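Single chain ahead, by itself, as structure tokens, in the form solved without the ligand.
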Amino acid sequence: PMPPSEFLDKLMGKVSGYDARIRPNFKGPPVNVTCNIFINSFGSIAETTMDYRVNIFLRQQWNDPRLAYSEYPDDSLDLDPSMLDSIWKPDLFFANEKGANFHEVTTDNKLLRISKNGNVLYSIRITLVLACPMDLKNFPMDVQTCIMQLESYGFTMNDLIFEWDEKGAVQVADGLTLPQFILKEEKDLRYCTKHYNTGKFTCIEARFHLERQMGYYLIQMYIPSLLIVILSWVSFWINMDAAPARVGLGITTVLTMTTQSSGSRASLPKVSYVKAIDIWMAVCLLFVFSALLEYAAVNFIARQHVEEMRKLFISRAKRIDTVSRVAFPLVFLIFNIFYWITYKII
């Protein structure tokens, strides 16, 4: 017999009237193309530009009666990736590409096989940098949901319809790990049918829940953010007579805590709303600032102190020192409870 390359020349050549500019089943029902992606590499999720780089295998399957051969004895004929400009292909595109490219390492990474009944498998490797609106109302304890939509651009709903297959619409790699987030096993599948001034177009999308890993932020901006508050608590255990001791403590600590506040949003987007890490530094900033005002109240009584009425001012300046050793270690603990409970339920 003849090889599949010469066998398909009768179906993709000048004979049989086959044209790559004509969609299958013309003047009839639209083409129902089913798609399924395979995430190979994931990560590099930046927040300054609010985008993430993904590498998926976009599989496409449809039905073309013009390529339904019945003379070849086999059931699957592989095609050279250099002959993709001869058959019709869906005009699939993403609405959040923001720059993309293919891979042509020694061969155009394309897969093309034709079944006997007319099933055509089209799998290619695409490297996308997808964008998603980052919701940072609770930055250290948020559940991001970055989606990706597959719309049409040249054909409307009556000519091309995208759908998901029931046999693993979205597969995940075996050893796919992320440096900062984690990929949940549950991925939603809903439609995203858009409507413009020209018409209506099909759209398919899949939700991806990306939960953060609190192990990183808990060590860098939570343990040092708590030890600095302890530095302001040791001033109560120091005598009220040493002026340079408690003054230098209430100033060097209250100024190095601002660096922690400025160092908590160094690589974060400039959002207007307040996040969960801005209420942890601001409240702890009040503790390192109230300790400065605490010494300002103790030193103000000692500098004012008549022999009987002045002996009570010394005890009054020391009575507040007996409560500050218990108030702040018990008030900061109350805020430490309302913080790790409210942001663990919402």
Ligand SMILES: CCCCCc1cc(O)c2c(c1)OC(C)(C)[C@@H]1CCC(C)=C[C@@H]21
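So that there is no doubt, residue numbering starts at 1 and follows the sequence shown.
One more form of this protein, solved in complex with the ligand, exists but is not displayed; see below.
Between the ligand and the residues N299, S44, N55, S290, the one pair within 4.5 Å by heavy atoms in the entry with it bound involves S290.
For the options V323, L333, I22, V15, the residue carrying a heavy atom within 4.5 angstroms of the ligand in the entry with it bound is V323. The candidate stretches are 66 to 74, 307 to 315, 290 to 298, 46 to 54, and the one lying within 4.5 Å of the ligand in the entry with it bound by heavy atoms is 290 to 298. Although the partner is absent here, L11 sits far enough away that none of its heavy atoms falls within 4.5 Å of the ligand in the entry with it bound.
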